[PDB]
2 protein chains.
Amino acid sequence: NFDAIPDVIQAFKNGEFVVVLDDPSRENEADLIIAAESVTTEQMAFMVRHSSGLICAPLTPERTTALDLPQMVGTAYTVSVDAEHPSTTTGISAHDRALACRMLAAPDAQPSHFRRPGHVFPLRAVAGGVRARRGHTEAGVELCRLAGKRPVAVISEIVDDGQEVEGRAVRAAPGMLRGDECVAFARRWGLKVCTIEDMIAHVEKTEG
Amino acid sequence: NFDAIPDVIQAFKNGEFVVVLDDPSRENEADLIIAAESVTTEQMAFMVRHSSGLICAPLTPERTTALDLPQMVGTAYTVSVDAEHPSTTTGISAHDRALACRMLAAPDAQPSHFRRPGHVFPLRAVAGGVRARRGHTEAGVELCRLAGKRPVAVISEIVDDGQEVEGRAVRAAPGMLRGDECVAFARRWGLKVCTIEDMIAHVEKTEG
């Protein structure tokens, strides 16, 4: 079964990842979604290991303007970034990517805190939220609002790495984690899991 | 020990991944580098599983002009892409990312074959090659030229996922694969491994 939204919010509030399913009519994919403000090096490593590794950062339009993150050019990718910080090295390590996420969420964030282009991909949520666009991007920002966090999330799609093949640089039968698998994945890692659909139902209780 | 360049070229010619080390003075990082033209779904899955998951595609300046891939904004990222193909779905799966790579390398590639923005990150190699810029981007394109392949490679940095933590969404002590580890990683997966430095020495035999 899927977890009830309130419980997903409490977990998100606690700085945990949550597994979020969009509509089968849509991608039919699940993403790991976490608040960016305090994402750790170790959690980032886990995210990278268990996802596509294309680590994105959903944020509001207000943050894209404050931080001077224009659209790269439908997923609203902004220009990519790295943390302008003395501890950053190449920008790709779990350390560096988590740092960038945290910095994007900082109340004191400024445009100069980010090197462009880089290795983290901010995504512009639509003003109307999940009831307006049923995407993981909106879901991330929606969870932030709901949990009282800074308006920046971190998301990544949970791929299915397929099976190991001893001594060969290939994986058999890879794909994307779907439905049932998603819930099982969540249970295995002690995470809450829910659907965007339920998230919307939750938000309509207050917004209609 | 590192493999001799000629042997690395033969492997690359065979459509295998090769492990390439840049300078310690530089990133001190190793990347998986493969020819894009025939990268398979299964190999892509392996690449994703064993790297940062930020799958890039080194290509020449001539290809950036032919394909209308302007700079996103130092790593020369162009605008990102997805394959405009009936089999593409969300653009992130190993299937979809490998397809995009293959399409970027097609002799019949045209700008309209790519949706922008997307999930694969082409990188513009500098005209002068590895002797001009000692980057993995140049190395990828340099291997393509050397092996007689289409002038598009696929690269990704080999991260160190750290250690599993049973039932917890974290990984302990993550980092990047370095030196020794790199060679061991290559042996484990039956891949050749070399340094950019040696690659340059190879190219100077002909170019001075």
# chains A, B, ... in the order shown; residues from 1 in each chain; ligands from 1
>>> closest_atom_pairs(of="chain A", to="chain B", cutoff="8 Å", atoms="only C-alpha atoms", output="tab-separated table")
residue	atom	partner	partner_atom	distance
A:17	CA	B:169	CA	7.6
A:27	CA	B:90	CA	6.6
A:41	CA	B:174	CA	7.8
A:42	CA	B:170	CA	5.0
A:43	CA	B:170	CA	4.4
A:44	CA	B:170	CA	7.4
A:45	CA	B:171	CA	5.7
A:46	CA	B:170	CA	4.8
A:47	CA	B:170	CA	7.9
A:48	CA	B:52	CA	6.6
A:49	CA	B:161	CA	6.4
A:52	CA	B:53	CA	5.7
A:53	CA	B:53	CA	3.9
A:54	CA	B:54	CA	5.6
A:72	CA	B:72	CA	6.7
A:73	CA	B:117	CA	6.5
A:77	CA	B:117	CA	7.5
A:79	CA	B:72	CA	7.2
A:89	CA	B:27	CA	7.8
A:90	CA	B:27	CA	6.6
A:92	CA	B:52	CA	7.0
A:93	CA	B:175	CA	6.1
A:94	CA	B:175	CA	6.9
A:95	CA	B:175	CA	7.5
A:116	CA	B:73	CA	7.4
A:117	CA	B:73	CA	6.5
A:119	CA	B:54	CA	7.8
A:157	CA	B:92	CA	7.9
A:159	CA	B:93	CA	6.8
A:161	CA	B:45	CA	6.0
A:162	CA	B:45	CA	7.4
A:166	CA	B:189	CA	8.0
A:167	CA	B:189	CA	4.7
A:168	CA	B:189	CA	5.4
A:169	CA	B:189	CA	5.7
A:170	CA	B:43	CA	4.4
A:171	CA	B:42	CA	5.0
A:172	CA	B:42	CA	5.8
A:173	CA	B:42	CA	7.2
A:174	CA	B:45	CA	6.3
A:175	CA	B:93	CA	6.1
A:176	CA	B:93	CA	6.5
A:188	CA	B:167	CA	6.1
A:189	CA	B:167	CA	4.7
A:190	CA	B:167	CA	6.2
A:191	CA	B:169	CA	7.9
>>> select_by_dssp(residues="region 17-204 of chain A", states="strand (DSSP E or B)", output="ChimeraX atom specification")
/A:18-21,30-35,56-59,71,77-78,81-83,114-124,152-157,159-160,163,172,175-176,192-195
>>> residues_around(residues="residue 153 (chain A)", least_positions_apart="4", cutoff="6 Å", atoms="only C-alpha atoms", output="PyMOL selection string")
chain A and resi 34-36+57-58+140-141
>>> write_last_selection(atoms="C-alpha atoms", output="mmCIF file, in the first residue's frame")
data_model
loop_
_atom_site.group_PDB
_atom_site.id
_atom_site.type_symbol
_atom_site.label_atom_id
_atom_site.label_comp_id
_atom_site.auth_asym_id
_atom_site.auth_seq_id
_atom_site.Cartn_x
_atom_site.Cartn_y
_atom_site.Cartn_z
ATOM 1 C CA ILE A 34 14.406 14.858 -0.546
ATOM 2 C CA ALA A 35 14.616 18.312 0.988
ATOM 3 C CA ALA A 36 17.785 20.035 -0.293
ATOM 4 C CA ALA A 57 16.973 20.425 -7.870
ATOM 5 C CA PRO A 58 13.323 21.531 -8.095
ATOM 6 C CA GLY A 140 9.416 18.155 -4.751
ATOM 7 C CA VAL A 141 8.628 21.838 -4.260
#
>>> residues_around(residues="residue 62 (chain B)", least_positions_apart="5", cutoff="10 Å", atoms="only C-alpha atoms", output="list in words")
residues 67, 68, 124, 125, 127 and 151 of chain B
>>> write_last_selection(atoms="C-alpha atoms", output="PDB file, in the first residue's frame")
ATOM      1  CA  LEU B  67      24.063  19.326 -35.188  1.00  0.00           C
ATOM      2  CA  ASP B  68      23.274  22.873 -33.943  1.00  0.00           C
ATOM      3  CA  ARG B 124      32.648  20.232 -27.176  1.00  0.00           C
ATOM      4  CA  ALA B 125      36.232  19.015 -27.511  1.00  0.00           C
ATOM      5  CA  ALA B 127      40.097  21.783 -31.800  1.00  0.00           C
ATOM      6  CA  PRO B 151      33.723  11.575 -33.850  1.00  0.00           C
TER       7      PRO B 151
END
>>> select_by_dssp(residues="region 3-62 of chain B", states="helix (DSSP H, G or I)", output="MDAnalysis selection string")
chainID B and resid 5:13 41:49 61:62
>>> write_last_selection(atoms="N, CA and C atoms", output="compact mmCIF listing (two decimals), in the first residue's frame")
# COMPACT_ATOMS: atom_id res chain seq x y z
N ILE B 5 48.92 2.33 -25.14
CA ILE B 5 47.92 2.99 -25.98
C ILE B 5 47.35 2.22 -27.17
N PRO B 6 48.24 1.55 -27.90
CA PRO B 6 47.78 0.77 -29.05
C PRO B 6 46.76 -0.26 -28.68
N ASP B 7 46.98 -0.89 -27.49
CA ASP B 7 46.07 -1.91 -27.01
C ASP B 7 44.75 -1.29 -26.58
N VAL B 8 44.85 -0.07 -26.00
CA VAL B 8 43.62 0.67 -25.59
C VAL B 8 42.84 1.01 -26.86
N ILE B 9 43.54 1.46 -27.90
CA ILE B 9 42.86 1.78 -29.14
C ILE B 9 42.12 0.59 -29.74
N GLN B 10 42.82 -0.58 -29.77
CA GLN B 10 42.19 -1.80 -30.31
C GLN B 10 40.88 -2.11 -29.56
N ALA B 11 40.94 -2.01 -28.22
CA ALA B 11 39.73 -2.26 -27.41
C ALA B 11 38.58 -1.27 -27.72
N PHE B 12 38.98 0.00 -27.83
CA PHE B 12 38.02 1.03 -28.15
C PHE B 12 37.42 0.74 -29.50
N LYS B 13 38.28 0.30 -30.44
CA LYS B 13 37.82 -0.01 -31.81
C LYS B 13 36.75 -1.13 -31.80
N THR B 41 22.27 -0.78 -24.94
CA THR B 41 21.39 -0.56 -23.81
C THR B 41 22.03 -1.14 -22.58
N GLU B 42 22.51 -2.40 -22.71
CA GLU B 42 23.17 -3.07 -21.59
C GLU B 42 24.47 -2.42 -21.13
N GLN B 43 25.27 -1.92 -22.09
CA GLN B 43 26.51 -1.28 -21.71
C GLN B 43 26.16 0.06 -20.98
N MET B 44 25.16 0.74 -21.49
CA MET B 44 24.75 2.03 -20.88
C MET B 44 24.34 1.82 -19.42
N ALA B 45 23.57 0.76 -19.24
CA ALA B 45 23.12 0.40 -17.87
C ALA B 45 24.33 0.20 -16.93
N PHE B 46 25.37 -0.50 -17.48
CA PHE B 46 26.57 -0.72 -16.73
C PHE B 46 27.23 0.64 -16.40
N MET B 47 27.27 1.53 -17.41
CA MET B 47 27.92 2.84 -17.25
C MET B 47 27.24 3.65 -16.17
N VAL B 48 25.92 3.59 -16.24
CA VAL B 48 25.14 4.34 -15.24
C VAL B 48 25.40 3.80 -13.84
N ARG B 49 25.32 2.46 -13.76
CA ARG B 49 25.52 1.82 -12.45
C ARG B 49 26.89 2.08 -11.80
N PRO B 61 34.04 20.17 -32.65
CA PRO B 61 33.42 21.46 -32.96
C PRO B 61 32.60 21.36 -34.26
N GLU B 62 33.13 20.56 -35.19
CA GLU B 62 32.42 20.37 -36.45
C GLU B 62 31.09 19.72 -36.17
>>> atom_distance(atom1="CA of residue 126 (chain A)", atom2="CA of residue 22 (chain A)")
16.1 Å
>>> atom_distance(atom1="CA of residue 195 (chain A)", atom2="CA of residue 25 (chain A)")
12.7 Å
>>> decode(residues="region 17-33 of chain B", atoms="C-alpha atoms", output="mmCIF file, in the first residue's frame")
data_model
loop_
_atom_site.group_PDB
_atom_site.id
_atom_site.type_symbol
_atom_site.label_atom_id
_atom_site.label_comp_id
_atom_site.auth_asym_id
_atom_site.auth_seq_id
_atom_site.Cartn_x
_atom_site.Cartn_y
_atom_site.Cartn_z
ATOM 1 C CA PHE B 17 34.708 0.820 -22.602
ATOM 2 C CA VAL B 18 38.183 1.877 -21.610
ATOM 3 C CA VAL B 19 39.167 3.438 -18.258
ATOM 4 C CA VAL B 20 40.980 6.693 -18.604
ATOM 5 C CA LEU B 21 42.978 8.530 -15.968
ATOM 6 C CA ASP B 22 43.669 12.218 -16.204
ATOM 7 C CA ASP B 23 46.435 13.961 -14.242
ATOM 8 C CA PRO B 24 46.565 13.927 -10.437
ATOM 9 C CA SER B 25 47.411 17.601 -10.787
ATOM 10 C CA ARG B 26 44.120 17.776 -12.579
ATOM 11 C CA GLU B 27 41.047 15.961 -11.412
ATOM 12 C CA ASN B 28 42.982 12.774 -10.525
ATOM 13 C CA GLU B 29 39.808 11.049 -11.743
ATOM 14 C CA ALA B 30 39.059 8.116 -13.981
ATOM 15 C CA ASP B 31 36.301 8.000 -16.534
ATOM 16 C CA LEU B 32 34.644 5.176 -18.462
ATOM 17 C CA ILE B 33 35.044 6.200 -22.163
#
